[PDB]
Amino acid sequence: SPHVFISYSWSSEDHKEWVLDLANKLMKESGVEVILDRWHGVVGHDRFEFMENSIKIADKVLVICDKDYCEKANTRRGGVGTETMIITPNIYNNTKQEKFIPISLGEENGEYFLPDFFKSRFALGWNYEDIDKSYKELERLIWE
């Protein structure tokens, strides 16, 4: 099975629910073993360590790039500090590049959200009007 860690920001309760629904769906319908912070009982100050360690054991890393994740990633408001949950340039540059599957949420005109330090600009443009098509491509990016 693909081991898939999901990197995401707790932008809101609805967004946490969208990520949780995606994790449950990947586990149920796609035979993927999702590494999710909510399913490991990760306390606030253990978040950076959990993200760091999870990326090394995961086969794929979903980068949930909504607007809040991308400008938190680009600015790094105080820098790393255990709280973090957002991939840093250092983590990105010490990870095999093929693991990352950026998913852009809420962009317009195909200007997919993606942190500036991602050298490859590919991202799965999530189609809210065609979920099944976007989910199919996510399965291909994970499995194939």
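One rule holds for the numbers: they count along the sequence shown, beginning at 1.
Selected stretch [higher average CA B-factor]: 53-61 or 95-103: According to the PDB entry, the answer is 53-61.
Greater mean Cα temperature factor according to the PDB record, 115-123 or 26-34: Mean B over CA atoms: larger for 26-34.
B-factor third for the C-alpha atom of residue 129 within its chain: Highest third.
Record-listed C-alpha B factor of residue 10: chain third: CA B-factor rank for residue 10: highest third.
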